[PDB]
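Asker: Have a look at this fold, sequence not included:
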RNA sequence: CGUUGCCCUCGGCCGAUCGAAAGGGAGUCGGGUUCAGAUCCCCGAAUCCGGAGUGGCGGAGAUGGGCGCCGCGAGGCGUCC
RNA sequence: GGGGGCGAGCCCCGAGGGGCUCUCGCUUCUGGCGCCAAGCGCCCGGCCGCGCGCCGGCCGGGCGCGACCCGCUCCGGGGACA
Ligand SMILES: [Mg+2]
Ligand SMILES: [Zn+2]
């Protein structure tokens, strides 16, 4: 609906009950989620390989 | 020992005072010339308005073109111990702001008309 | 125990491309307004350009112990202020028709103020010590004065602060300040000061007249030039010697 | 871009002082694609775009 | 509780301003009525925007669960989250 | 200019370490997130308990480090020629 109608409407209408809801699609949410988790996981892994390389030297 | 965070240098916000004038410029303030009276010039007694009186519970007036609807509703109201529902202006092709003035149901329009002088 | 285990560290990295820099002081790189930026990069020009000796001679300013000593002496002969002046009149008017009015009494001695007063009393040799300010705003006012002093055999010195010179007398600034007379009780003092001034100014006036004083670069330049020299030294010093 | 036989490319960095996502417009190197990182600086790796 | 005075604190913008009765731009429709006006007057149905203090009212928030007594039992109180 | 040190080149070295030279100011597998301080350190106001209160508790604040020091042109690039 035309934008200056959202003034009227009830919240519920305008968004959706999820994270990120009403801004972004669910598909791209469920790929942030698992991306970010998969990123950080490597950072942790690399931090471990760094720490082992410090202890070795 | 107070650092400069951001590289800009905005004008420093100063003090600035209210006027404490040593004398008032115009001696007395002006008296308004758009009173309960001279806002409303006179009624219309035109077949139109006389039909509009009996039928629509209105009056009709010619008004000073400087008037709002707010001014007419409170001008009328003062002069005729009357309570208005809704004022409704137009400007005649002439220089006259003609207000149509609906009166609130409890008061009649024909009655008041006779009271003021028209009919 | 005291201790919660919740409290972590959570330490930020201010790297590059890393958790965003903290708001460090930036005075160095502030874009100042025109009036500031100018007033700085005058001081540079003074430092950077070749300043001729007779504008430099005002850099050699009096050193702390001495100037304070000087101002301790002056404080005696700070000229009669407002009110005081009225009080001196009022007492004279009463005494005229009451109990013998002589009239002139004996007027005491004081400091002398503006260049023009001084400069008559440096041609005259009325003064025994002149004090000039270093930071007089349009210099031309006070350029000759040291060269004039030294000719007339007048001890002269350059105080820091045309203001604090001007606070002897009771005005915003003053370029000059001159003692014509002093009381016998404060005589010796003046003379102990004068002699130490003329050792410092008059008596070496040739050196001062010769001595220019700008022509010093941005340290940013200098430190590059010295680096090149340390490169030129290591090319021909550690090899042979 | 109209009036231009290149394409341009909206390239988004992050601002390293303010928390803010600044964006630029580069002239596209041929063989750029979207969701492609664009490193840049003295220590930028020598690859395209 | 307001209102203001001062002090601190925070605050990028981006150019004052003007420029569309066809671009953008919330929200009115049915019937009736005049010699000449009607999405504007009358009747009747609506609607947006702005305001709402002392908050005008409901409803949401939120009225659980544990233990300990007393009570035939519905339950009542004590005390914990 | 120093600190810092994972380290590399050199010099010293008593193998603990120190100095000079480089190095970084520490981010490259993913269409993610990233600001308004955690951490330590030192101070004070009120209230409470021990009572010797810069002892202990409860509430509420301030500074420093964290985010080295000093500086004369914001940064470059021309430039006594344009
Ligand atoms: Mg406009
Ligand atoms: Zn998507």
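Answerer: Received the coordinates, thanks. Numbers count the residues shown, from 1 in each chain, chains lettered A, B, ... in the order given. Ligands and ions are numbered 1, 2, ... in the order given.

Asker: Can you name the residues that contact the residue nearest in space to the middle of chain B?
Answerer: By CA atoms, centre = their mean, the mean C-alpha position of chain B lies nearest to residue B:71, the distance being 1.9 Å. Residues near residue B:71 by CB atoms under 8 Å, 6 or more residues apart in numbering or on different chains: B:34, B:39. For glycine as for every other residue, the C-beta is placed from the backbone atoms N, C-alpha and C.

Asker: Flag every buried residue along the one helix or strand it maps to.
Answerer: Element membership of residue B:71, judged by DSSP states H and E, is helix B:69-79. Across helix B:69-79, burial judged by 16 or more other CB atoms under 10 Å in any protein chain shown covers B:71-73, B:75-76.

Asker: Ok, stretch D:6-17 next?
Answerer: D:9, D:11, D:16.

Asker: of those, list those near ligand 2.
Answerer: Among the buried residues of stretch D:6-17, no residue lies close to ligand 2 (CB under 5 Å from the ion).

Asker: mind listing which of the residues you listed are in strands?
Answerer: Among the buried residues of stretch D:6-17, DSSP state E puts D:9, D:11 in strands.

Asker: Dump the buried residues of stretch D:6-17 to JSON lines, plus distance to RNA strand F.
Answerer: Converted to JSON lines, those look like this (distance: CB to the nearest atom of the strand, whole Å):
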{"residue": "D:9", "distance to RNA strand F": "11"}
{"residue": "D:11", "distance to RNA strand F": "11"}
{"residue": "D:16", "distance to RNA strand F": "10"}
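
Asker: Among the buried residues of stretch D:6-17, which ones lie close to chain C?
Answerer: Among the buried residues of stretch D:6-17, the ones lying near chain C by CB under 8 Å from any CB of the partner chain are residue D:16.

Asker: can you list the buried residues of stretch D:6-17 in JSON lines and add distance to residue B:49?
Answerer: Compiled in JSON lines, the buried residues of stretch D:6-17 are given as follows (distance: CB to CB, whole Å):
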{"residue": "D:9", "distance to residue B:49": "73"}
{"residue": "D:11", "distance to residue B:49": "73"}
{"residue": "D:16", "distance to residue B:49": "76"}
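
Asker: And the buried residues of stretch D:6-17, which is closest to chain B?
Answerer: Ranked by distance to chain B (CB to the nearest CB), the buried residues of stretch D:6-17 are led by residue D:16 at 14.3 Å.

Asker: what's near enough to touch that closest one?
Answerer: Residues near residue D:16 by CB under 8 Å, 6+ apart: C:16-17, C:20-21.

Asker: still on that earlier bit, for the buried residues of stretch D:6-17, which one is nearest residue C:122?
Answerer: Nearest to residue C:122, judged by CB to CB, of these is residue D:16 at 63.9 Å.

Asker: hmm, back to that, what about the helix holding residue B:71, near RNA strand E?
Answerer: No - Helix B:69-79 is not in contact with RNA strand E by CB under 7 Å from any atom of the strand; minimum separation 11.0 Å.

Asker: right, and the helix or strand after that helix?
Answerer: Helix B:69-79 is succeeded, C-terminally, by strand B:84-91 (DSSP H and E).

Asker: contacts for that following strand?
Answerer: By CB under 8 Å, 6+ apart, strand B:84-91 touches B:63, B:65, B:67, B:69, B:72-73, B:76-77, B:97-105.

Asker: Just the buried ones from those residues, in PyMOL syntax?
Answerer: In PyMOL, this line selects whichever of the contacts of strand B:84-91 come out buried by 16+ other CB under 10 Å:
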select buried, chain B and resi 63+67+72+73+76+97+98+99+100+101+102+103
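
Asker: Narrow the contacts of strand B:84-91 to those in strands?
Answerer: Of the positions in these, B:63, B:97-103 sit in strands, assigned by DSSP E.

Asker: Now that residue B:48 has come up, it's in contact with residue B:60, right?
Answerer: Yes - at 7.5 Å, residue B:48 and residue B:60 qualify as touching, with contact defined as CB atoms under 8 Å.

Asker: Strands along chain D, start to end?
Answerer: Taking DSSP E as the test, the strands found in chain D are D:8-12, D:23-27.

Asker: I'd like to know which of those is closest to residue C:196.
Answerer: Closest to residue C:196 of those is strand D:23-27 (CB to CB; 68.4 Å).

Asker: Pairing partners for the closest one, with directions?
Answerer: Sheet pairing of strand D:23-27 (DSSP bridges) gives strand D:8-12 (antiparallel).

Asker: Now do the partner strand: everything it contacts.
Answerer: Strand D:8-12 has contacts (CB under 8 Å, 6+ apart) with D:1, D:21-28, D:32, D:38, D:49.

Asker: And these, which of them are buried?
Answerer: Using 16+ other CB under 10 Å as the burial test, the contacts of strand D:8-12 include D:38, D:49 as buried.

Asker: Rebuild the contacts of strand D:8-12 as a markdown table, extending it with distance to residue C:89.
Answerer: Formatted as a markdown table, the contacts of strand D:8-12 follow (distance: CB to CB, whole Å):
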| residue | distance to residue C:89 |
| --- | --- |
| D:1 | 88 |
| D:21 | 79 |
| D:22 | 76 |
| D:23 | 80 |
| D:24 | 80 |
| D:25 | 82 |
| D:26 | 85 |
| D:27 | 87 |
| D:28 | 91 |
| D:32 | 93 |
| D:38 | 87 |
| D:49 | 91 |
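
Asker: quick one: the closest residue to residue C:25 other than its chain neighbours from residue C:29, how far?
Answerer: Computed as CB to CB, 6 or more residues apart in numbering or on different chains, the closest residue to residue C:25 that is not its neighbour in sequence is residue B:3, at 4.1 Å. Residue B:3 is 12 Å from residue C:29, where distance means CB to CB, to the nearest Å.
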